[PDB]
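Structure record follows, encoded as structure tokens.
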Amino acid sequence: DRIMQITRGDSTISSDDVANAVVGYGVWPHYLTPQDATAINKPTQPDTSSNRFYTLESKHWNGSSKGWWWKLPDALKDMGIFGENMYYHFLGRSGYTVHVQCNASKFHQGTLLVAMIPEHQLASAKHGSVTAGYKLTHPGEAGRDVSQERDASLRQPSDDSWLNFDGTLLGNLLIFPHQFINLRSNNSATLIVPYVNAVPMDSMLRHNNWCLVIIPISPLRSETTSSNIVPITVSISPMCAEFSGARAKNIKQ
Amino acid sequence: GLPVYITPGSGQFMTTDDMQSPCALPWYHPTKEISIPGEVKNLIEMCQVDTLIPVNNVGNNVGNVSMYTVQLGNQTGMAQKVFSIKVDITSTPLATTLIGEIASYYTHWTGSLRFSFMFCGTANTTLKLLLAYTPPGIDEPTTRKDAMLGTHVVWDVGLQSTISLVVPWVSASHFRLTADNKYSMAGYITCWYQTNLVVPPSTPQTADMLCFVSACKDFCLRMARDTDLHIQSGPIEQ
Amino acid sequence: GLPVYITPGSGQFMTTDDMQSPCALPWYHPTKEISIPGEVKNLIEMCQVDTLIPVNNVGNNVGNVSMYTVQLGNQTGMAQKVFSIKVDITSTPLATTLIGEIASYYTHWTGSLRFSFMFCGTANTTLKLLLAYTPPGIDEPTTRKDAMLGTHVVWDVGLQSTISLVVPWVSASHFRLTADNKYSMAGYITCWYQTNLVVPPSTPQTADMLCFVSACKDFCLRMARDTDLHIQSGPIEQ
Amino acid sequence: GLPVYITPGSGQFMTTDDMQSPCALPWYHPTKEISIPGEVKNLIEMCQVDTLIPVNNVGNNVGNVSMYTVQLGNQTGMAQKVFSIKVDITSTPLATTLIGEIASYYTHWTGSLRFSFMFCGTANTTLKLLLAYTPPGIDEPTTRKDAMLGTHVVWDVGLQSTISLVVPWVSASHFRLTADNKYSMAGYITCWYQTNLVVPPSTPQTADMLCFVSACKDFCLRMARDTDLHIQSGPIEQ
Amino acid sequence: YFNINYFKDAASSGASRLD
Amino acid sequence: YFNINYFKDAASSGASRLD
Amino acid sequence: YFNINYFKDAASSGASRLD
Amino acid sequence: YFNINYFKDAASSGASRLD
Amino acid sequence: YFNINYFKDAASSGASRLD
Amino acid sequence: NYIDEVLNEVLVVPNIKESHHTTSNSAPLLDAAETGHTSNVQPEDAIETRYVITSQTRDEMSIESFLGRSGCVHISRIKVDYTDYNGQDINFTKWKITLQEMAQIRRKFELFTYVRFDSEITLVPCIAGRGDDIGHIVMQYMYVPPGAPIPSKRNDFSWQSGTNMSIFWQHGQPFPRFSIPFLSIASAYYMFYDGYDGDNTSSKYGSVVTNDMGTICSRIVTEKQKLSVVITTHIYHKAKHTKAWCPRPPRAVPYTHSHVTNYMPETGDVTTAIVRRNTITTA
Amino acid sequence: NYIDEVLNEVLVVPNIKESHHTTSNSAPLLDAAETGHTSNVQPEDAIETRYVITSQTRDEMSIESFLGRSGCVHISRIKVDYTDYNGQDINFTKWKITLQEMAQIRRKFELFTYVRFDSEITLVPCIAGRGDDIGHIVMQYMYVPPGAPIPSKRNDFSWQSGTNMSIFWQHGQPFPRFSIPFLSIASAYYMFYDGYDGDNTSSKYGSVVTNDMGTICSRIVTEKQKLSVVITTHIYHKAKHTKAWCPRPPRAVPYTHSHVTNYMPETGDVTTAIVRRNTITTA
Amino acid sequence: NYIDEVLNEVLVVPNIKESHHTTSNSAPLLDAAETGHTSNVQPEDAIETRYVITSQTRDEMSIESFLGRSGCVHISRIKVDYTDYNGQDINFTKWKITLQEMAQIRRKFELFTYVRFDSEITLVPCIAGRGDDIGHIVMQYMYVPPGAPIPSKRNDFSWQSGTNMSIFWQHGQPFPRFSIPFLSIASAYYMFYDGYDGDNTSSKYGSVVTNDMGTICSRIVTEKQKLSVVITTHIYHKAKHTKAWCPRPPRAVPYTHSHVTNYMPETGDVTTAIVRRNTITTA
Ligand SMILES: Cc1cc(CCCOc2c(Cl)cc(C3=NCCO3)cc2Cl)on1
Ligand SMILES: Cc1cc(CCCOc2c(Cl)cc(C3=NCCO3)cc2Cl)on1
Ligand SMILES: Cc1cc(CCCOc2c(Cl)cc(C3=NCCO3)cc2Cl)on1
């Protein structure tokens with residue numbers, strides 16, 4: 001059966017239609033083990049109050065839309081509790097659940113490719129050795145691209161999709177944990193993903209482990225009034241969040 | 001001591017040999033190896049995951065994304081043809097594909113292969129395509145009847161959405177070459193309309209189908225060699 | 001004889017290899033090895049003994065001894081700050097220390113560390129400092145409140161005299177580099193007044209505190225390399 | 001390590017040595033070896049199959065086929081002689097023969113040999129030849145009586161058709177040289193009429209006999225060497 | 001012939017095995 | 001002295017045997 | 001491979017052991 | 001050390017023995 | 001490692017022993 | 001094990017069984033790829049297959065025979081000078097550890113996010129005679145981890161290697177080779193990274209904040225010679241005892257610079273391997 | 001086994017028993033060779049034989065001692081140039097895999113229809129000094145399977161061999177040798193063929209449609225030298241662990257070109273080894 | 001043992017257990033360092049620790065991997081002469097045993113009062129061609145213990161070594177190496193000393209009254225050559241099977257001269273590694 005129910009905090013999400021769910025690398029997210037660990041302090045593990053279902057800012061799906069991404073450790077730099085614990089601690093570790101909702105009617109035609117990606121080192125739009133800037137790979141709930149315009153003075157990434165922004169023919173992207181949203185069967189997309197990184201707990205600020213991409217493959221096509229807007233809404237849930245290396249507090253940027 | 005005879009090959013160097021070497025940095029105890037979700041052990045694995053196919057391998061399209069979609073159209077005529085590509089897995093449009101990209105690292109390939117297609121159409125929309133695998137022997141078929149005569153699969157677009165076409169392994173030589181070779185010609189695969197694309201009122205009349213190719217447990221490669229699909233007409237800076 | 005193949009590495013010389021060599025002076029029976037009180041077997045041992053810290057790492061002071069004492073003063077204001085140093089164990093003032101001097105012989109370090117402070121004050125004298133370890137992540141704190149927020153230890157000067165502050169190991173990478181590196185930044189430690197330095201009549205009002213650093217059983221190093229802290233811009237004569 | 005002494009021969013290269021060599025292409029699993037009807041394992045086998053003999057080793061005949069047939073004629077006289085060849089298996093007409101062609105790959109030969117003759121005559125036709133092996137010692141016999149004195153076989157042409165003459169092994173040296181050598185002279189074999197070739201009415205009066213030579217289980221060769229019977233006064237192009 | 005790690009350290013050894 | 005396939009692969013070995 | 005003090009004297013041998 | 005006919009053929013071997 | 005008189009003759013051998 | 005390992009039959013592929021026809025309900029050929037999963041359909045499913053006992057190993061399709069092959073990753077060069085010997089920054093090479101510094105092989109790894117391994121390093125010095133006689137040109141390679149005295153010039157004090165590794169090769173004696181433990185403070189080598197040095201809007205971001213492992217300061221020990229030379233010591237690298245995590249799509253755009261992804265060519269339009277077709281209808 | 005194998009007495013030939021006279025019916029000497037079979041007659045049959053215990057082995061008469069012998073199959077040559085180094089198609093050799101490219105040994109196989117084997121390859125570089133000093137001339141051989149980047153010229157990117165095989169030999173160090181698995185997509189090497197590329201009345205037909213295995217692009221790594229040279233690296237080949245199927249009549253006409261049977265000499269009448277006799281009557 | 005020794009897991013460090021809070025009397029964080037002892041406080045004591053199973057070996061932190069590394073301790077030089085061969089004190093080197101004769105490594109030991117060991121000595125001759133051809137330059141190193149005839153000049157009678165050790169190296173054949181017993185009349189090598197030669201207010205005082213072990217008189221056997229040379233035979237030293245007693249504070253002042261502690265630089269103020277800070281308040 002397609003219907004699905006998910007409960008994460010004080011929050012629950014439903015979906016009367018779906019394309020299974022996917023567990024990234026077939027591993028379920030959980031808490032760190034005293035074997036692979038390294039740190040020495042007792043991690044704070046906000047349960048529920050933290051690893052709950054936060055929903056971001058919504059977006060429009062255009063016939064001119066090109067694609068939009070959000071970087072996870074970062075998308076919730078504001079989402080209460082989790083996103084505070086982030087700033088108060090050096091080491092942060094956590095896994096997520098991605099609920100991608102995008103409905104329209106059975107008279108619509110469209111296809112969205114959704115994918116998560118471990119270490120998504122983007123490329124700059126400008127030739128050289130200048131790497132994308134911080135402040136631009138750190139958008140927030142809002143995400144990046146859309147098909148937007150911007151200063152070329154900024155050590156700005158590649159707004160370039162087909163190359164995967166990293167310069168790998170998108171389409172091989174299917175190698176990363178993914179699924180689509182074929183408006184003719186689908187309604188959502190559900191990605192669940194453990195913590196992948198050569199280190200037991202990284203810097204929630206300097207390093208974004210997971211990177212999520214949603215890309216219109218077959219362009220939205222209705223025959224309706226363009227009064228009919230078909231958003232795309234992303235919801236996320238830290239899972240098995242664990243923090244440590246308590247202290248002052250970083251600063252917003 | 002031991003009366004020894006130094007053999008011809010002695011003192012050489014091979015970029016492909018299994019031999020031990022004094023380890024500089026004696027007594028070094030490397031960082032432990034923590035647990036990490038998702039580790040590979042065989043190319044194969046990567047080869048069994050369907051990657052998308054550039055097929056709309058046409059002009060301006062090519063540097064864009066569209067280069068991936070195949071719109072199923074009108075068709076005034078009937079029993080008309082959609083597209084074709086040839087099976088020789090190292091041949092654009094194929095090549096670039098996670099598989100192709102790879103295979104191009106080995107000299108020989110073998111086994112069955114899997115082509116999957118998906119309807120990015122509508123819900124209320126309907127269609128029926130006929131896909132076919134025309135083994136090596138003749139020319140890519142000009143007509144459907146001619147092609148329907150060999151290996152194929154009628155595809156009924158419906159509540160499902162994905163039809164997967166298998167490409168049996170037909171060959172003389174247990175093995176085929178990855179490199180373009182008239183001999184090791186794997187054949188062609190093509191797609192045609194069985195019926196049409198009917199859409200009730202106020203639904204678009206063109207729609208797309210995405211296509212993919214993953215391997216079969218049949219599959220296997222050999223004789224590693226350096227790739228085709230990448231010329232570093234560099235160098236590389238700093 | 002034995003058909004042998006001479007392998008690539010053969011005939012080389014490595015300043016780091018374990019191999020045997022004909023011993024010149026055959027039949028020599030070395031002087032017996034009498035018993036001698038105190039023999040080492042591991043650098044570690046030396047690393048666990050607290051050596052004194054130059055911290056008064058200031059101008060004219062530096063070539064003298066004072067360069068070791070930290071006088072706890074007046075302080076008109078309250079909640080004022082004493083000093084700070086950064087944890088990166090290869091960073092003057094640290095470096096020169098039996099530990100530092102060492103660590104600078106290896107490329108990587110790890111574990112907890114121990115800072116100890118002693119009151120060379122008076123008997124009738126009293127005070128209460130707050131010491132803190134500000135993990136890597138931000139800037140050495142400008143204010144106490146800000147620093148008290150992380151790892152710390154309030155120190156009550158009394159009949160005891162020595163307070164030992166531990167520096168837990170907080171890091172992403174099981175291991176840190178001994179060499180200056182923005183990444184492997186271990187953080188800062190600082191000291192402030194909790195109360196004051198009160199002295200009853202006719203007792204001096206400034207006094208010193210000595211500070212030290214020894215290792216923790218946590219501790220461990222690796223990848224031996226030649227030191228930093230010593231350039232023989234010699235030579236050496238006769 | 002192992003005090004070793006490098007022996008004289010060391011580092012050389014021999015087109016005839018059994019030694020191992022690092023295999024480039026590690027981890028390669030060759031195409032399976034399917035079943036194939038008729039595989040050899042010993043030259044011998046090929047040596048035991050009778051191949052045809054050029055004997056009509058005469059002028060214009062030679063570049064043609066006839067060069068293989070021996071027509072048994074009229075013969076006004078009686079007790080007349082047919083042909084002769086010498087046994088030294090590396091001597092045209094012999095040489096070129098599957099055997100000869102071979103033997104010329106080794107320095108020494110030995111054992112018995114088999115000569116077979118067949119009557120491509122008629123059915124109603126009749127004859128009786130006398131074949132003989134004149135061992136080494138004297139000159140190829142001028143007359144039949146003289147030759148009949150040694151090893152021979154009277155052959156009655158009849159419903160059968162093939163008479164096989166054996167060439168025992170007569171020699172001093174267990175072994176003979178394949179190369180022309182006065183010493184290792186194997187002798188001569190010749191054929192003569194015992195009676196005639198009688199044919200009843202309206203049948204041709206000349207007819208042919210084909211001749212062949214296969215080995216005996218006696219047979220064996222040694223000391224491989226490069227052939228005689230083939231000078232590549234080339235090269236060879238593209 | 002094999003498993004004769006002529007050298008002490010493990011980092012020095014042939015290409016591993018397969019399983 | 002023999003059967004000491006000093007090398008891993010089989011393609012590398014002496015001239016086979018006879019049987 | 002080890003403990004094959006190819007040489008007589010003890011002074012000649014590999015780096016000692018650990019215990 | 002002996003009888004280690006490192007080579008296959010017999011013609012290749014040390015000076016024979018005595019008996 | 002020892003007593004491997006790689007050579008036949010006795011005159012060829014290491015420095016004798018002690019007893 | 002042997003046979004299986006000598007015959008190289010460790011990882012064998014299944015065989016293709018026999019099939020019969022199916023006029024039945026469940027349609028295996030129909031799945032919805034949107035689930036992001038991969039189909040599981042086989043020959044036997046789609047057709048009326050026969051029976052083929054296979055015999056192909058996926059041995060050579062192992063991260064160790066895919067990775068475990070020596071590759072040029074650097075070509076140290078020294079155009080000697082006899083005029084000024086020593087001097088600052090001369091007649092001795094130094095180079096930062098890495099790759100990204102050279103394609104074909106760079107390409108290869110990059111196929112995965114994380115990687116881990118010990119390596120078979122081989123030095124292939126080649127002495128070009130620009131003189132009428134090259135003499136005896138000895139050589140010293142060595143490794144300078146962080147933070148360590150990197151020779152300012154040719155005879156520092158750092159070429160004493162009292163506690164460093166220096167391999168020596170003298171003309172004639174074979175190629176120097178040796179090997180090495182997996183050097184990382186991390187459990188694996190980061191073949192990518194989505195981190196930075198810091199919050200400094202001028203901080204570094206890439207594979208690289210995490211790979212400060214070295215450098216190599218070189219030296220031609222022999223002293224002053226008469227007839228000149230130029231040495232070219234090639235650096236090959238092999239991965240032995242390797243592991244890999246989370247595969248990635250290969251690279252199709254010729255890179256530029258290392259420790260970066262950047263493709264954007266100098267003017268030229270971004271070029272890729274894909275070829276153009278006149279029509280989809282004929283291949 | 002040993003003794004039998006060391007003494008080389010594995011395949012021994014029967015002995016010649018003793019006979020007596022036969023004034024009997026069945027005539028073994030009479031058979032009809034038209035049956036295409038081969039007679040079975042022996043000494044003992046035809047004569048009054050004695051008794052000889054044999055002692056000849058058919059060991060050296062084995063497809064492995066017949067085939068298993070190293071033979072020149074190619075002579076790579078490089079008349080260096082210092083004027084233009086690199087340039088297109090220079091100072092580096094490439095050659096297509098094969099034989100038919102050279103008699104004596106070509107001859108030898110051709111004795112059979114099908115063949116299969118692993119090989120003992122040995123490179124015999126010989127450096128001719130055309131200068132007053134040859135220096136240190138390093139060398140790189142390597143194998144370019146299909147379809148692979150074959151060096152356009154001397155330093156391509158293909159000489160990195162990130163995943164290819166390149167053997168290196170430096171003057172002094174011995175002959176490079178090594179070996180190899182049986183490389184064919186087929187269960188055996190087709191030493192002949194009666195097939196074509198296709199129906200194209202312009203398609204290829206021979207041993208050859210089936211032998212696209214390679215080529216060898218060569219390289220003298222060392223860089224520019226002063227005093228010239230010419231290198232001649234000879235390529236010998238040995239067949240180890242061989243099998244053969246369906247023997248054929250040897251070749252008697254000097255060939256021309258490879259992968260073809262063609263004899264038809266340039267004008268000269270087709271010549272063969274057969275000698276001419278005056279008369280059959282005297283030998 | 002193996003695994004533990006191959007995996008290098010011999011000396012492992014304890015793990016960091018888990019803690020809870022303590023609102024209790026005994027304060028482990030308080031000790032009086034005046035006792036001269038060292039505190040014993042740990043993570044688990046001071047904080048609310050977690051649970052980390054460790055896996056770091058203190059193997060490389062052993063007096064044998066700290067000491068057991070080859071280091072330049074001497075660079076014998078011979079600027080040959082052909083004009084006068086032999087002559088007094090020529091074309092043959094002699095040098096007194098020691099160290100203190102060279103930093104980096106001198107530094108290293110000095111970390112301890114007493115030391116004991118057998119050594120891995122390696123000679124790295126490098127022949128610089130100052131001529132148009134170096135020929136065949138043979139070499140003789142040897143050891144002259146006390147009191148022994150030290151060659152006055154090149155061919156004494158002492159180069160017969162009828163009872164001394166002389167190692168011979170000829171161009172091509174590899175680096176000479178060998179080893180040695182612990183040479184001291186004492187149970188250990190005195191890496192320091194607070195003794196003198198005697199009461200003579202002019203007696204010697206240092207490491208040195210106790211280290212009259214040798215010297216090395218050198219020789220280039222070959223005789224007179226045509227084209228000149230200069231030989232530089234580097235002397236590396238490794239400590240194998242080492243023991244150490246009573247550690248000392250490292251050295252921070254660049255020495256001068258050996259067998260002495262003396263720092264007092266020629267004029268320049270005594271310099272040390274310590275850096276200067278503006279203020280203690282900010283690091
Ligand atoms: C990514 C990545 C690649 C590597 C490998 C590090 C470079 O490895 C070498 C080292 Cl540490 C030393 C030497 C060397 N020392 C003396 C000569 O060569 C060569 C290599 Cl490739 O690390 N991270
Ligand atoms: C017929 C026939 C003959 C062969 C053998 C193929 C050629 O074998 C070689 C290969 Cl694959 C490589 C090399 C070689 N590589 C670097 C130097 O030589 C030499 C030979 Cl003979 O295949 N089919
Ligand atoms: C302190 C201290 C250091 C030493 C070591 C003594 C020097 O050791 C050597 C000896 Cl005894 C001989 C040779 C040598 N003989 C021929 C060439 O070199 C080299 C060394 Cl380093 O003793 N006390």
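Identifiers for the structure tokens are assigned positionally: chains receive A, B, ... in sequence, residues are indexed from 1 per chain, and ligands are indexed from 1 in the order shown.
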Helix (DSSP H, G or I) per DSSP on the backbone: members of range 50-230 of chain D, as a PyMOL selection string: chain D and resi 66-68+100-103+144-148
Selection near residue 127 in chain J, 12 Å with only C-alpha atoms, sequence-local residues under 6 positions removed, as a ChimeraX atom specification: /J:76-80,133-139,169-172,220,228-234 /K:134-139,170-171,220-226
Could you write those residues out with C-alpha atoms, as a compact mmCIF listing (two decimals), in the first residue's frame?
```
# COMPACT_ATOMS: atom_id res chain seq x y z
CA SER J 76 59.96 15.84 -9.93
CA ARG J 77 62.43 17.79 -12.09
CA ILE J 78 65.84 19.28 -11.34
CA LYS J 79 67.66 21.29 -14.01
CA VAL J 80 70.91 21.30 -12.14
CA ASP J 133 79.80 12.13 -18.83
CA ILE J 134 77.32 11.97 -15.94
CA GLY J 135 79.61 10.53 -13.25
CA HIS J 136 77.99 9.08 -10.16
CA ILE J 137 74.90 11.03 -9.31
CA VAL J 138 73.58 9.88 -5.88
CA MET J 139 70.14 10.98 -4.73
CA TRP J 169 69.39 5.79 -4.91
CA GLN J 170 72.65 5.61 -6.79
CA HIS J 171 72.83 5.20 -10.55
CA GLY J 172 72.65 1.46 -11.40
CA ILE J 220 71.18 15.20 -5.47
CA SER J 228 75.68 19.03 -16.40
CA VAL J 229 72.52 17.04 -16.07
CA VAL J 230 68.87 17.17 -15.56
CA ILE J 231 67.07 14.71 -13.37
CA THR J 232 63.52 13.66 -13.70
CA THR J 233 62.41 11.43 -10.90
CA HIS J 234 58.88 10.14 -11.65
CA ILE K 134 74.93 7.01 -24.09
CA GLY K 135 74.17 8.23 -20.56
CA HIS K 136 71.31 6.60 -18.72
CA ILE K 137 68.59 5.68 -21.14
CA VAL K 138 65.48 4.52 -19.19
CA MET K 139 62.63 2.84 -21.03
CA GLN K 170 67.15 0.93 -17.13
CA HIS K 171 70.51 0.17 -18.73
CA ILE K 220 62.40 6.22 -23.86
CA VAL K 221 61.53 8.16 -20.78
CA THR K 222 64.90 9.87 -20.03
CA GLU K 223 64.25 13.19 -21.85
CA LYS K 224 66.70 14.87 -24.23
CA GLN K 225 70.20 13.59 -24.33
CA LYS K 226 73.26 15.00 -26.03
```
Contact residues around residue 17 in chain F with only C-alpha atoms at 10 Å, ignoring same-chain residues under 5 positions, as a list in words: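 Residues near the query, excluding close chain neighbours: residues 5, 10, 64 and 241 of chain K.
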Selection export as a PDB file, in the first residue's frame, atoms kept: N, CA and C atoms:
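Output contents, as saved in result-v9.pdb:
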```pdb
ATOM      1  N   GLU K   5      59.994 -37.797 -14.892  1.00  0.00           N
ATOM      2  CA  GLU K   5      59.973 -36.401 -15.261  1.00  0.00           C
ATOM      3  C   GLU K   5      61.323 -35.668 -15.278  1.00  0.00           C
ATOM      4  N   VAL K  10      58.470 -39.918 -19.378  1.00  0.00           N
ATOM      5  CA  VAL K  10      57.021 -39.848 -19.196  1.00  0.00           C
ATOM      6  C   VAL K  10      56.276 -40.615 -20.266  1.00  0.00           C
ATOM      7  N   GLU K  64      54.133 -29.152 -25.954  1.00  0.00           N
ATOM      8  CA  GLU K  64      54.692 -28.047 -25.121  1.00  0.00           C
ATOM      9  C   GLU K  64      56.161 -27.801 -25.365  1.00  0.00           C
ATOM     10  N   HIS K 241      51.833 -23.591 -21.211  1.00  0.00           N
ATOM     11  CA  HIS K 241      50.567 -24.171 -20.846  1.00  0.00           C
ATOM     12  C   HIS K 241      49.649 -24.201 -22.043  1.00  0.00           C
TER      13      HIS K 241
END
```
Mind dumping a table of every chain E residue within 10 Å of chain G, with the nearest atom pair and its distance in Å to one decimal, using only C-alpha atoms, sorted by chain and rising number, as a Markdown table?
```
| residue | atom | partner | partner_atom | distance |
| --- | --- | --- | --- | --- |
| E:3 | CA | G:1 | CA | 8.5 |
| E:4 | CA | G:1 | CA | 5.4 |
| E:5 | CA | G:1 | CA | 6.0 |
| E:6 | CA | G:1 | CA | 5.2 |
| E:7 | CA | G:1 | CA | 7.7 |
| E:8 | CA | G:1 | CA | 8.6 |
```
Produce as a short mmCIF file (atom, residue, chain, number, x, y, z; two decimals) with C-alpha atoms, in the first residue's frame the set of residues near ligand 1, where near means within 7 Å with only C-alpha atoms and all ligand atoms considered.
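So pocket34.cif came out as:
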```cif
data_model
loop_
_atom_site.label_atom_id
_atom_site.label_comp_id
_atom_site.auth_asym_id
_atom_site.auth_seq_id
_atom_site.Cartn_x
_atom_site.Cartn_y
_atom_site.Cartn_z
CA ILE J 97 51.52 15.89 -1.43
CA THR J 98 48.64 15.12 -3.45
CA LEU J 99 47.02 14.14 -6.45
CA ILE J 121 55.42 4.02 -3.90
CA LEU J 123 60.53 6.37 -7.61
CA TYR J 141 64.36 11.68 -1.36
CA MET J 142 62.52 12.65 1.77
CA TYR J 143 59.49 13.33 3.31
CA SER J 166 65.28 9.66 3.34
CA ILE J 167 65.68 6.98 0.68
CA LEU J 183 48.36 8.54 7.13
CA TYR J 189 41.10 9.92 3.32
CA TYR J 190 38.60 12.57 2.29
CA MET J 191 38.57 12.30 -1.50
CA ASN J 211 45.19 17.21 3.33
CA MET J 213 50.33 15.88 4.57
CA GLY J 214 53.62 16.84 3.61
CA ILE J 216 58.78 16.40 -0.42
CA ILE J 235 56.56 9.36 -8.72
CA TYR J 236 54.20 6.40 -9.20
CA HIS J 237 51.55 5.39 -6.62
#
```
Which of range 1-220 of chain C DSSP labels strand (DSSP E or B), written as JSON, numbers by chain: {"C": [2, 3, 4, 13, 14, 23, 39, 40, 42, 51, 52, 58, 69, 70, 71, 72, 81, 82, 83, 84, 85, 86, 106, 107, 108, 109, 110, 113, 114, 115, 116, 117, 118, 119, 126, 127, 128, 129, 130, 131, 132, 133, 134, 136, 138, 151, 152, 153, 154, 155, 156, 162, 163, 164, 165, 166, 167, 176, 177, 188, 189, 190, 191, 192, 193, 194, 195, 196, 197, 198, 207, 208, 209, 210, 211, 212, 213, 214, 215, 220]}
Counting only C-alpha atoms, the residue of K:217, K:153, K:100, K:181 that sits nearest chain J: K:181
Residues near range 68-82 of chain A, cut-off 8 Å, only C-alpha atoms, skip fewer than 3 positions along chain, as a VMD selection string: chain A and resid 46 49 to 51 54 56 85 to 86 137 to 147 204 to 205 207 to 215 238 241
Residues of chain L within 10 Å of chain G, only C-alpha atoms counted, as a list in words: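 Every residue of chain L that passes the 10 Å test is in residues 1, 5, 10, 11, 59, 62, 64, 65, 68, 117, 118, 119, 120, 178, 179, 180, 181, 182, 238, 239, 240, 241 and 242 of chain L.
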How close does each residue of chain B get to chain K, giving the shortest atom pair and distance in Å to one decimal for every residue with an atom at most 10 Å away, counting only C-alpha atoms, sorted by chain and residue number, as CSV?
```
residue,atom,partner,partner_atom,distance
B:6,CA,K:174,CA,8.9
B:7,CA,K:174,CA,8.2
B:8,CA,K:175,CA,5.2
B:9,CA,K:176,CA,4.1
B:10,CA,K:174,CA,6.1
B:11,CA,K:173,CA,5.7
B:12,CA,K:169,CA,5.7
B:13,CA,K:168,CA,5.2
B:14,CA,K:167,CA,4.6
B:15,CA,K:165,CA,5.5
B:16,CA,K:165,CA,6.0
B:17,CA,K:165,CA,9.4
B:90,CA,K:147,CA,9.9
B:104,CA,K:147,CA,8.2
B:105,CA,K:163,CA,8.0
B:106,CA,K:147,CA,9.0
B:107,CA,K:146,CA,6.4
B:108,CA,K:185,CA,7.6
B:109,CA,K:185,CA,9.1
B:110,CA,K:185,CA,9.6
B:137,CA,K:198,CA,8.6
B:138,CA,K:199,CA,9.3
B:172,CA,K:186,CA,8.3
B:173,CA,K:186,CA,5.0
B:174,CA,K:185,CA,6.0
B:175,CA,K:185,CA,4.4
B:176,CA,K:185,CA,6.2
B:177,CA,K:185,CA,7.6
B:178,CA,K:147,CA,7.2
B:179,CA,K:147,CA,4.5
B:180,CA,K:147,CA,7.1
B:181,CA,K:212,CA,8.7
B:182,CA,K:197,CA,6.3
B:183,CA,K:197,CA,6.1
B:184,CA,K:185,CA,9.6
B:223,CA,K:183,CA,8.5
B:224,CA,K:163,CA,6.7
B:225,CA,K:164,CA,5.2
B:226,CA,K:163,CA,5.1
B:227,CA,K:148,CA,6.4
B:228,CA,K:148,CA,6.0
B:229,CA,K:148,CA,9.7
B:230,CA,K:149,CA,9.6
B:231,CA,K:157,CA,7.9
B:232,CA,K:157,CA,7.0
B:233,CA,K:157,CA,8.1
B:234,CA,K:157,CA,9.1
B:235,CA,K:157,CA,9.2
```
Interface residues on chain J facing chain A, 7 Å, only C-alpha atoms, written as a ChimeraX atom specification: /J:34-36,186-188,192-196,198,201,205-206,247-253,257,260-266
